[PDB]
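Single-structure report; data block below.
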Amino acid sequence: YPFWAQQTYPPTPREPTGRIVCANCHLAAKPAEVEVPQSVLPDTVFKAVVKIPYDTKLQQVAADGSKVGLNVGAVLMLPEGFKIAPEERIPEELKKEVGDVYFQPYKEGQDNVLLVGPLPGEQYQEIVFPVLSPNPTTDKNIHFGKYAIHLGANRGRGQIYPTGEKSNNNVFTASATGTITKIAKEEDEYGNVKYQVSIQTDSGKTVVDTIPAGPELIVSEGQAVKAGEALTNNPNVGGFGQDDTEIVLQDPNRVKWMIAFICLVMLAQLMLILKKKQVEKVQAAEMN
Amino acid sequence: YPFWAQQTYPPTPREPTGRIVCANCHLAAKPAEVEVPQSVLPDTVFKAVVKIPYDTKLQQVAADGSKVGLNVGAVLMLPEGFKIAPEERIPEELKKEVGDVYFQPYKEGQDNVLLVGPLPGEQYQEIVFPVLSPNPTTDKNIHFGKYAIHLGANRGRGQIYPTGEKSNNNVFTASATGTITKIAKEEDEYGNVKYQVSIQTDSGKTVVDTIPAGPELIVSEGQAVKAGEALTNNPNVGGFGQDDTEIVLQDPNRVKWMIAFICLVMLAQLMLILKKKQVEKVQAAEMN
Amino acid sequence: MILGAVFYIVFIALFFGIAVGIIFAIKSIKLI
Amino acid sequence: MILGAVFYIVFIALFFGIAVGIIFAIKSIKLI
Amino acid sequence: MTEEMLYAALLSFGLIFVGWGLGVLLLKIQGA
Amino acid sequence: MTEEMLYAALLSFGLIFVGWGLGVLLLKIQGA
Amino acid sequence: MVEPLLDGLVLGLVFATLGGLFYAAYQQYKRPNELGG
Amino acid sequence: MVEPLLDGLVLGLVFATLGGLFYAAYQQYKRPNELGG
Amino acid sequence: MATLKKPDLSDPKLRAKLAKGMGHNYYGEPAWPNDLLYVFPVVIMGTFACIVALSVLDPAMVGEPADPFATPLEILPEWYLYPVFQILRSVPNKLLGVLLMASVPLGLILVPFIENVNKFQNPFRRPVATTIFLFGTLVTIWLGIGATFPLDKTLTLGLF
Amino acid sequence: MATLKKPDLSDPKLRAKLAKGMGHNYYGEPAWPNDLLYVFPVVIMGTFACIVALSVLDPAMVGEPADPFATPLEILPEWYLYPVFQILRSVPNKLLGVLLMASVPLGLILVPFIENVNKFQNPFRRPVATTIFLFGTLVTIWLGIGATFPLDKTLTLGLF
Amino acid sequence: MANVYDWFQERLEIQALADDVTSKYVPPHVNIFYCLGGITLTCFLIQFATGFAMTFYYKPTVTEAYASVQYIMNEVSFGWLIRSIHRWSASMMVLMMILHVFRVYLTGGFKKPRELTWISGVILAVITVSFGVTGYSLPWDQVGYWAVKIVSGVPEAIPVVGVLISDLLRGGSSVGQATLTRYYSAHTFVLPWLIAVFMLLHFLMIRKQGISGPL
Amino acid sequence: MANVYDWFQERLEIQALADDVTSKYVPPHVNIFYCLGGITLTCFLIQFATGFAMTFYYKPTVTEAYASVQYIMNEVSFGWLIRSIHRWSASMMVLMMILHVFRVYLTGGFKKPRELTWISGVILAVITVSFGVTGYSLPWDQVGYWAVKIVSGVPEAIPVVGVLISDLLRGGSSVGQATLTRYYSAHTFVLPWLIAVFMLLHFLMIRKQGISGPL
Amino acid sequence: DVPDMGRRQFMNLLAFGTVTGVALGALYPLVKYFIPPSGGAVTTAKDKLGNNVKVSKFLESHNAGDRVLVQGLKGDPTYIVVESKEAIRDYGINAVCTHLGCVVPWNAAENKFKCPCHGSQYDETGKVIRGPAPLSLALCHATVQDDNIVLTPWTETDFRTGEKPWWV
Amino acid sequence: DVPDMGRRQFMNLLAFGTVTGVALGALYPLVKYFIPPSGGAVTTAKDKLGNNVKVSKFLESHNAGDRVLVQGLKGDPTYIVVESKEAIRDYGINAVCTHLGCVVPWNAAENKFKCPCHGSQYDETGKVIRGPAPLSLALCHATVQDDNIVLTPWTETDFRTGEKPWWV
Amino acid sequence: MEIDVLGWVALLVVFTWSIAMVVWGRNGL
Amino acid sequence: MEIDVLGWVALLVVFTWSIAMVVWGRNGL
Ligand code: HEM
Ligand code: HEM
Ligand SMILES: CC1=C(\C=C/C(C)=C/C=C/C(C)=C/C=C/C=C(C)/C=C/C=C(C)\C=C\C2=C(C)CCCC2(C)C)C(C)(C)CCC1
């Protein structure tokens, strides 16, 4: 979860390569988008939409085994002193689509990298960030310009605990290599079910191989398929996205003179072509 | 003296401006030269001549007053691991003109800045340094090239003690401003003679003004010439020079190919002019 | 989109105006 | 000085040699 | 992020035409 | 240190002449 | 890093020009000649 | 920093040329004309 | 009207040119005033305007500073480089693609030798070009788009 | 022999040129082979040789590194700058010398306007130049030498 | 006055210049796309001006390069304009030039009398792309530092020379300060001179031979 | 074979080039010193080659400039040759050019038909001296760092503009990194282009008008 | 019917004038570009290396009549004078000559600064004794404050000349 | 009497040939000039910043199955593998791909390195699993010595391929 | 917050007008 | 220690010969 990102990787969610640490545990890949407009003006509330699509009507494996809906997380990282819009200022239908979300900052001070989630899958198909542009006229190391924004979003539960052990939403190899002896089925007054399998004859050969509850097995009886294998099948309907995107923090002034300089041009251009015409005419008095 | 240079200014005799600290005490200026050849080859003994001219037959003022001959000093500073030639290697008429000189290094390690003197004026009119070029084929941060050498030489005794008080080979002002009362003449069982003068009436006015022995006075009786004045005359027939000079530490190889590449040229040039001639001739068959 | 589309129409429009207009003015005080 | 002066004389000399020489060789096997 | 490209394509292409027509049209309004 | 300049002057100047004469002389030895 | 706006800029004009290019080759290859080659 | 070798290089040629320059102006202003201006 | 001048085909000199592949700038609208003086500046000024405009509304990014230990995933070259880089990366032969690059130049030179077999300009009159051109112009674009994509829905461009 | 070609003074065209200040490269030794092909390379190659030679026997120094707090005493400019720097420093008027510098250029331009009063080349035939030239060429040198010297045996150049 | 045109006219024969310009005509198969050329050129002059403007602030040194670009953006007056224009106009030149390749080819402007022109065109083409690859990595940021890293490896595939070529390219065995050094000399001193000598032929021929003919 | 000269001759009219060269003559008042020009030129090409060689090692940055020159001398193969040649040939160009000023003047080659040539000559003159002052201080050592310090103060005497001019010159109020920056752009990108446009006129005129006449 | 010179020249003036508008338009930012960023945009002495002369073992290890350089303001080197019953002098003497500005040395003998560049001389406090230097050396206020040295513009008049400070 | 083509062509050959001699003469050093100085002219691991990985709180603060970069030799980045009963692996895996050489990442899931540049993949030790990369990743010897890490050329054969090390 | 939009239109309009102007100007293709 | 001298002479000799060659070559001034 977004929090254990923070928890495990304190000063940043992204490495120098652009990865985003999240992808260390969430092993699946599924697409993530991130729209925001092409330009904002300074001091402005504006929307940024995170997208995290997954096929709504299907289910993943849970802790113990059940077979439950699922949840989107996501860290987004806005450019320098962008921050979530202060709330008197979000206006209205926006309040509404933002919903009930928690925009938590990746470390004290960095308001511009926000963790978000675990939200529940079905209303958080798309996730809105109401955000507000800095103002380079008043914060004196914010300049106008074009800047990057990076999302990495994930949806559905992951493959490794922040503690270092495997979850059950992956798929177990087979330790050594030989002929299997026993598909037991544990369920001790707690920590539920437990398919207990093991291999043999060859050389040494009695190694034991438990495998949590909620994968399948699709490897049955007899057998010996080699060095850590098939046995499980793939529980994991989950997984992780990434997106980068540009945004220009524009200054209306630049826009204003630009527009002026253009008309100044268009005008000149017609004015020449006008001249030319007036010459095509003094010329017609020079063939005859 | 060269030694007190060292003594007062340890890590170098020259400041970033190119002065040479010596000139802080020796206040006179008289010319100093320094010749060395235009090129040396590597690993070579060669001469460097310091010059320190002064008019041999005249005399300066001494400690107490006497009226004695005088002495040349000088720090020279050769470029990187140049050093004084090792003595088996100086050869012969050179041993001879080098004479009886002490080439003392400005600090442990720097064999390439040498103090020299106090020598006595009349044989040390010119002072020879037998020196030996480094060898960039064997000392691996010595390169061929053109390098600077700087002398500053001085001759005859100076104006300030390394302790900070005046010597007697300068010329005393007059403290305040008024009418002088007394030309006394001390000589207490030691530290000899002592013309004792003083001024007055004006405002405050009794200040006392001793003046060592061996300047003149040329300010006599009555008087009042103002804010620290005339009184003494100029004892100091002494003083200090400076010289800089370039030297190339050449590599005969460069010279060898150069000479080859030239003849290669001269040859080509005659060879063209030869051709031209042979054409001026096929041409003469084309006017007639 | 809808906004550009307008501003856009008006903007060309407007210059297209000046264009045509100033031929004529320019034609009938006989300069062209 | 005395040394250059010589080496110098010989050096030009020598080329001056080749110059003149090779005109002639070059003249009388009739190339010039 | 891929419909900025679309628009751009789209109008880089379309707008040509418009300018085209528009000048051609001028052209008429004056008579070649 | 000021008689490097002397020589140089001196021969920059002189040597011209020599080359001069020397070529002129060639010139004779072949006949214009 | 990919650059959207430009990429439309490109295909846009690329095609548009390939377009008019062949379209004049035609206009021209059908009105033929004029003034005598 | 002053540079001896070059400085001779200079006067050397400067004078030497001023020299031959006036000397041809003369050679020439005394053989006059040839071929007809 | 336009403004005009008819080849004057009685002129030995012009003729001898038309002849050679070229008297071509001798007949037509005069190029002083007419096309330099008047329309030039239009093209130049417009060109400038667009580029300024572009530059103002969608300026230069500055990206991260360079890290000798990181390859950034998502590294493309500039765009006009894609096509090649496409190739370069669907061609397990190192040495090969490099030749394959080089050919774009070499080949491109070869063209007017080859295509000189005859002599028409208009591509309508010259079927075999207009194809291998259309052909290649197309592969180029398609190889282009090819890196806008991920490794291997790459050539298939993700539709087969 | 040399090799030669006499102005052909019957040619209206050459004449009309001689006329203007210039048919001058129409008569003489032919410039192909003769002077380009053969002697050029001589001049170029010699030029190179000397400079290589110079460069080898008396190479570039590298001097001390720059110190913002030290002015080095003994600082001159390059040589061809001396003359000016001389001036610059015997002219207590700041603003003046700067004009005085500037004039070398401006004045030098002025010359062919002025000296156009007549029309002879040869300076023998043109006394008044050959003087103010000789004159100035001399002051120049002398002002030059002037900084090879110390502040003020400077103009007197140390002999009065 | 005291007639100016004359003055020149006497001396230089200034006329011939005009009589030469004004005596040239435009054939009617010469339609809009015969601007592609001059546009690509226009683009390039814009490069040269904005480019040289940046040589007053850019540091081509591994510590200062990247930083300095930021200064330009950021703190120099119109830094962003200047630089951004450089950036867009690169692209417009690489493109307008592809567009002009198209009009030449489907006009067979490259055909007999003119094959030289086309050849030079292609070299211009290669030099432009190199203007391109080199410029791109002077900011010595993440994307540009890997481009030098890849494209300098490429030469190495080639068998005899190829390593040696790569070392010239990058100034040692591995991309480093020599590389940005050499890359700068390239983008700002070699390429421009090269690009001019060859636009010089490309225009000289064209002037001499006049535009291809009609379809 | 399959005749090469022809090939060109067909297309370009390559002949005219030769017929133009070979139809030019040398008058006999054209004596040795009418080499002064071409020599000054030769000198300059040597500059351009050795110069650009140094742009592959020189750092124009206040930390690395000085150090790098030392690398060139010192550690690059023939560094010393290259650099030393740059250094001597600067001087030979400033001089051979003074020598050519003399032959022009005491030939009145600058007279009527030619006053333009002389004018351009003088500008070449100024640009050369600037090649000069700027180059001299790129090693950013003691002597060169004071030259920028003095010559940049000079402009400041002038009343209205003059301060403003000095700041362009040096890139701030005081000599610093902008200065070496600007000075580099100058010596390696502005001056050379300037020097070429103006040797371009100086040679174009001369070709058009032929050498001055006899004495 | 065919328009008369005088009306071409009208239309000339219009396009050719409006074309300039474009040209200067484009020129303007380009010029402003080249005009360096103002550093004075929107204090404590410093050592050759660049360290805050800590006043106390600067009292200590220099002497009386000594005079030693120190990044002044605009970081110009400024000579701070150790006085002859030693604490500091009020004002510091800003070290650039006034000619084209080499850094001027204290000649300890002739009690006098002299520009090694082309010659100018100046007295024991500033006042311009020879030229080519126009005015005399700049000044400034030195305090002991927190035990850095703290240099302040010298705003008041020319204690050494009466009327207005030339430089402020 | 007038010399025959054939003897012009002799004299051509002589001057024109000797003129080349000059030209290549001058060319030669000029070329050698541009060919960079050999750095291999006439060892200890290093951190991103540039510090000598002190083996002991590098054991300490990375894990088991971790694999972290480190200036290898020619200072190429080299991945040093922390092994699953933790001291160090003998050899280090030199990190540049073998294609045009981006620095290749350990994909911890698929236990496999993959070049982000154009695609190539490589296994848990080196051996080249996809292309465009020709050979597999370089290697080298890692020891604990003085408690720096000390990397040595891997001179012996391709433990992962049998015959000769491609790179040495 | 759509001077921003007026913004781009301004580009579109020169692009247009420029073509437009060129064709008008030379009876254009 | 006078290849050093042969050294300079070599310069002197090209200077000479070059002039020399040029004059010979063009019946010279
Ligand atoms: C835009 C309207 C435009 C056209 C149309 C155009 C045409 C054109 C032609 C037909 C040629 C061949 C000329 C001949 O037969 O002598 C040609 C040549 C050159 N052009 Fe032009 N050109 C247009 C636009 C521009 C612009 C804006 C420039 C400005 C850079 C430009 C430049 C050039 C250049 C350079 C040549 C070189 C060949 C020559 O004869 O000068 N073009 N153009
Ligand atoms: C050395 C022997 C030499 C001579 C002599 C010489 C002469 C010369 C003349 C008379 C002119 C005027 C030409 C005319 O009337 O068309 C002239 C012009 C140029 N020169 Fe030459 N020149 C000599 C030496 C050299 C050398 C080595 C070069 C090589 C750079 C050179 C160059 C030039 C150039 C450039 C011109 C431009 C004008 C033109 O008509 O080309 N000169 N030179
Ligand atoms: C290096 C070089 C060069 C150069 C140069 C120069 C730099 C210079 C030169 C110079 C010269 C070349 C000079 C000359 C001079 C001369 C003179 C100065 C003369 C004089 C004279 C007189 C005075 C006289 C006389 C006479 C006679 C001798 C004879 C007759 C008679 C009489 C008696 C009259 C050249 C290019 C060349 C080429 C190679 C390289």
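We name chains A, B, ... following the order of the structure tokens; residues begin at 1 in each chain, and ligands are numbered from 1 as shown.
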What residues have any atom no more than 6 Å from ligand 1 when counting only C-alpha atoms and all ligand atoms, and can you list them as a PDB file with N, CA and C atoms, in the first residue's frame?
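Below you can see result-v9.pdb, which holds the result:
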```pdb
ATOM      1  N   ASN I  25      14.030  29.578 -65.998  1.00  0.00           N
ATOM      2  CA  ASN I  25      13.739  30.767 -65.295  1.00  0.00           C
ATOM      3  C   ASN I  25      13.807  31.951 -66.182  1.00  0.00           C
ATOM      4  N   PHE I  40       7.968  36.881 -50.387  1.00  0.00           N
ATOM      5  CA  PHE I  40       9.048  36.433 -49.505  1.00  0.00           C
ATOM      6  C   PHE I  40       8.848  36.605 -48.046  1.00  0.00           C
ATOM      7  N   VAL I  43       6.207  34.676 -46.598  1.00  0.00           N
ATOM      8  CA  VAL I  43       6.645  33.363 -46.139  1.00  0.00           C
ATOM      9  C   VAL I  43       7.582  33.381 -44.919  1.00  0.00           C
ATOM     10  N   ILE I  44       8.666  34.163 -44.986  1.00  0.00           N
ATOM     11  CA  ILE I  44       9.573  34.333 -43.828  1.00  0.00           C
ATOM     12  C   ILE I  44       8.862  34.776 -42.502  1.00  0.00           C
TER      13      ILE I  44
ATOM     14  N   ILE K  32       3.196  26.830 -54.720  1.00  0.00           N
ATOM     15  CA  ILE K  32       3.602  26.860 -53.241  1.00  0.00           C
ATOM     16  C   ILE K  32       4.779  25.998 -52.641  1.00  0.00           C
ATOM     17  N   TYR K  34       7.370  24.774 -53.787  1.00  0.00           N
ATOM     18  CA  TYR K  34       8.700  25.264 -54.117  1.00  0.00           C
ATOM     19  C   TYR K  34       9.052  26.442 -53.074  1.00  0.00           C
ATOM     20  N   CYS K  35       8.423  26.424 -51.881  1.00  0.00           N
ATOM     21  CA  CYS K  35       8.833  27.269 -50.705  1.00  0.00           C
ATOM     22  C   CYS K  35       9.497  26.421 -49.632  1.00  0.00           C
ATOM     23  N   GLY K  37      11.940  24.835 -49.739  1.00  0.00           N
ATOM     24  CA  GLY K  37      13.409  24.993 -49.702  1.00  0.00           C
ATOM     25  C   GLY K  37      13.784  26.133 -48.779  1.00  0.00           C
ATOM     26  N   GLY K  38      13.299  27.292 -49.237  1.00  0.00           N
ATOM     27  CA  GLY K  38      13.581  28.580 -48.614  1.00  0.00           C
ATOM     28  C   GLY K  38      13.123  28.651 -47.176  1.00  0.00           C
ATOM     29  N   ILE K  39      12.190  27.759 -46.852  1.00  0.00           N
ATOM     30  CA  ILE K  39      11.647  27.720 -45.507  1.00  0.00           C
ATOM     31  C   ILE K  39      12.594  27.009 -44.595  1.00  0.00           C
ATOM     32  N   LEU K  41      15.502  26.822 -45.187  1.00  0.00           N
ATOM     33  CA  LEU K  41      16.556  27.813 -44.973  1.00  0.00           C
ATOM     34  C   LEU K  41      16.192  28.819 -43.886  1.00  0.00           C
ATOM     35  N   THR K  42      14.929  29.224 -43.866  1.00  0.00           N
ATOM     36  CA  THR K  42      14.573  30.312 -42.968  1.00  0.00           C
ATOM     37  C   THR K  42      14.760  29.825 -41.547  1.00  0.00           C
ATOM     38  N   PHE K 203      22.897  26.258 -52.968  1.00  0.00           N
ATOM     39  CA  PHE K 203      22.464  27.433 -53.745  1.00  0.00           C
ATOM     40  C   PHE K 203      23.250  27.778 -55.048  1.00  0.00           C
ATOM     41  N   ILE K 206      21.710  25.430 -58.140  1.00  0.00           N
ATOM     42  CA  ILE K 206      20.486  26.089 -58.359  1.00  0.00           C
ATOM     43  C   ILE K 206      20.582  27.467 -59.024  1.00  0.00           C
ATOM     44  N   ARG K 207      21.478  28.356 -58.628  1.00  0.00           N
ATOM     45  CA  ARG K 207      21.339  29.675 -59.292  1.00  0.00           C
ATOM     46  C   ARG K 207      21.735  29.541 -60.765  1.00  0.00           C
ATOM     47  N   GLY K 210      19.004  27.337 -62.738  1.00  0.00           N
ATOM     48  CA  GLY K 210      17.536  27.632 -62.764  1.00  0.00           C
ATOM     49  C   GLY K 210      16.682  26.399 -62.335  1.00  0.00           C
ATOM     50  N   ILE K 211      15.422  26.650 -61.977  1.00  0.00           N
ATOM     51  CA  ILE K 211      14.567  25.593 -61.376  1.00  0.00           C
ATOM     52  C   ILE K 211      14.243  24.519 -62.404  1.00  0.00           C
TER      53      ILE K 211
END
```
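For chain D, the residues no farther than 8 Å from chain B when using only C-alpha atoms are residues 19, 23, 31 and 32 of chain D.
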Expected answer as a PyMOL selection string: residues within 7 Å of ligand 3, only C-alpha atoms and all ligand atoms: (chain F and resi 16-17+20) or (chain H and resi 13+16-17+19-21+23) or (chain J and resi 43+46-47) or (chain L and resi 32-33+35-36+39+96) or (chain P and resi 15+18-19+22)
Those residues you just picked out, can you put them in a file as a CSV table (one decimal), in the first residue's frame with N, CA and C atoms?
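Listed below is the output, part.csv:
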```csv
chain,number,residue,atom,x,y,z
F,16,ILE,N,67.4,38.7,-45.5
F,16,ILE,CA,66.5,39.0,-46.7
F,16,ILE,C,67.3,39.0,-48.0
F,17,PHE,N,68.1,40.2,-48.1
F,17,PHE,CA,69.3,40.4,-48.9
F,17,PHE,C,70.0,39.2,-49.3
F,20,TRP,N,67.7,37.1,-51.3
F,20,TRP,CA,67.6,37.9,-52.5
F,20,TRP,C,68.7,37.6,-53.5
H,13,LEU,N,61.8,43.1,-40.0
H,13,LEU,CA,61.0,43.1,-41.2
H,13,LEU,C,60.4,44.5,-41.5
H,16,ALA,N,63.5,46.6,-43.0
H,16,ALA,CA,63.7,45.8,-44.3
H,16,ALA,C,62.6,46.0,-45.4
H,17,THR,N,61.4,46.4,-45.1
H,17,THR,CA,60.3,46.4,-46.1
H,17,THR,C,59.9,47.9,-46.6
H,19,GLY,N,62.2,49.8,-46.4
H,19,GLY,CA,63.3,49.7,-47.4
H,19,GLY,C,62.9,49.3,-48.8
H,20,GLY,N,63.1,48.0,-49.2
H,20,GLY,CA,62.6,47.6,-50.5
H,20,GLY,C,61.3,48.2,-51.1
H,21,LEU,N,60.4,48.8,-50.3
H,21,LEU,CA,59.2,49.3,-50.7
H,21,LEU,C,59.5,50.5,-51.6
H,23,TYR,N,62.6,51.4,-52.2
H,23,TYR,CA,63.5,51.1,-53.3
H,23,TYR,C,62.9,50.6,-54.6
J,43,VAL,N,55.5,30.2,-51.6
J,43,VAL,CA,55.2,31.2,-50.6
J,43,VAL,C,54.4,30.6,-49.4
J,46,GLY,N,56.7,28.1,-47.4
J,46,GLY,CA,57.7,28.8,-46.7
J,46,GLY,C,57.1,29.4,-45.4
J,47,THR,N,55.9,30.0,-45.6
J,47,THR,CA,55.3,30.6,-44.6
J,47,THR,C,55.1,29.7,-43.4
L,32,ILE,N,57.5,41.1,-55.6
L,32,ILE,CA,57.4,40.3,-54.2
L,32,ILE,C,56.3,40.8,-53.1
L,33,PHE,N,56.3,42.1,-52.7
L,33,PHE,CA,55.5,42.6,-51.7
L,33,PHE,C,54.0,42.5,-51.9
L,35,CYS,N,52.8,39.9,-52.1
L,35,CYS,CA,52.6,38.6,-51.4
L,35,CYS,C,52.1,38.8,-50.0
L,36,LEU,N,52.6,39.9,-49.4
L,36,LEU,CA,52.0,40.4,-48.2
L,36,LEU,C,50.5,40.1,-47.9
L,39,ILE,N,49.8,36.3,-47.8
L,39,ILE,CA,50.5,35.7,-46.7
L,39,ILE,C,49.8,35.9,-45.4
L,96,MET,N,52.4,40.4,-40.8
L,96,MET,CA,52.3,40.5,-42.3
L,96,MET,C,51.2,41.5,-42.7
P,15,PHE,N,63.9,30.7,-44.2
P,15,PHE,CA,63.7,32.1,-44.4
P,15,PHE,C,64.5,32.4,-45.6
P,18,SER,N,63.7,30.7,-49.0
P,18,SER,CA,62.3,30.8,-49.4
P,18,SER,C,62.4,32.0,-50.3
P,19,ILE,N,62.8,33.1,-49.7
P,19,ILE,CA,63.0,34.3,-50.5
P,19,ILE,C,63.8,34.0,-51.9
P,22,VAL,N,61.8,32.3,-54.3
P,22,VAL,CA,60.7,33.1,-54.8
P,22,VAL,C,61.3,34.0,-55.9
```
Can you work out which residues from chain M touch chain L at a cut-off of 12 Å (counting only C-alpha atoms) and hand them back as a PyMOL selection string? chain M and resi 31-40+73-77+96-103+115-118+133-134
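Here the helix (DSSP H, G or I) residues in chain C, by DSSP on the backbone, are residues 2, 3, 4, 5, 6, 7, 8, 9, 10, 11, 12, 13, 14, 15, 16, 17, 18, 19, 20, 21, 22, 23, 24, 25, 26 and 27 of chain C.
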Applying 12 Å and only C-alpha atoms, which residues near residue P:27 remain after dropping the ones on its own chain fewer than 4 positions away? List them as a ChimeraX atom specification. /B:273,276-277,280 /F:20-21,23-28,30-32 /J:1-3,29,34-35,39 /L:28,30-32 /P:19-23
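Taking atom CA of residue I:38 and atom CA of residue A:287 as the two end points, the separation is 20.3 Å.
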For a test of reading the model, state the distance in Å between atom CA of residue K:128 and atom CA of residue I:136, rounded to one decimal. 21.6 Å
What is the atom CA of residue J:53 to atom CA of residue B:254 distance in Å? 9.9 Å
May I have the residues of chain K within 7 Å of chain G, counting only C-alpha atoms, written as a VMD selection string? chain K and resid 99 103 215
Near stretch 9-12 of chain O, within 8 Å and counting only C-alpha atoms, which residues show up once chain neighbours fewer than 5 positions away are dropped, as a PyMOL selection string? (chain A and resi 259+262) or (chain C and resi 4+7-8) or (chain E and resi 15) or (chain I and resi 49-50+53-54)
With distances taken over only C-alpha atoms, which residue among F:8, F:22, F:29, F:1 lies nearest chain P? F:22
Chain O residues within 9 Å of chain C, counting only C-alpha atoms: which ones, as a PyMOL selection string? chain O and resi 2+5-6+8-10+12-13+16-17
Taking the backbone alone, and naming residues the way the document does, which bits of stretch 45-97 of chain N are strand (DSSP E or B) by DSSP, as a PyMOL selection string? chain N and resi 68+71+77-80+82+88+91+93-94+96
Counting only C-alpha atoms, a student should be able to say which residues of chain A come within 12 Å of chain G; what is the right answer, written as number ranges by chain? A: 18, 38, 148, 243-246
Quick one: write out the picked residues with C-alpha atoms as a PDB file, in the first residue's frame?
```
ATOM      1  CA  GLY A  18      12.106   6.816 -13.127  1.00  0.00           C
ATOM      2  CA  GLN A  38      -1.853  21.595 -21.268  1.00  0.00           C
ATOM      3  CA  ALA A 148       6.908  17.163 -15.524  1.00  0.00           C
ATOM      4  CA  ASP A 243       2.651   7.616 -16.616  1.00  0.00           C
ATOM      5  CA  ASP A 244       4.526  10.743 -17.211  1.00  0.00           C
ATOM      6  CA  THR A 245       3.176  13.994 -18.553  1.00  0.00           C
ATOM      7  CA  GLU A 246       4.220  17.512 -19.302  1.00  0.00           C
TER       8      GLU A 246
END
```
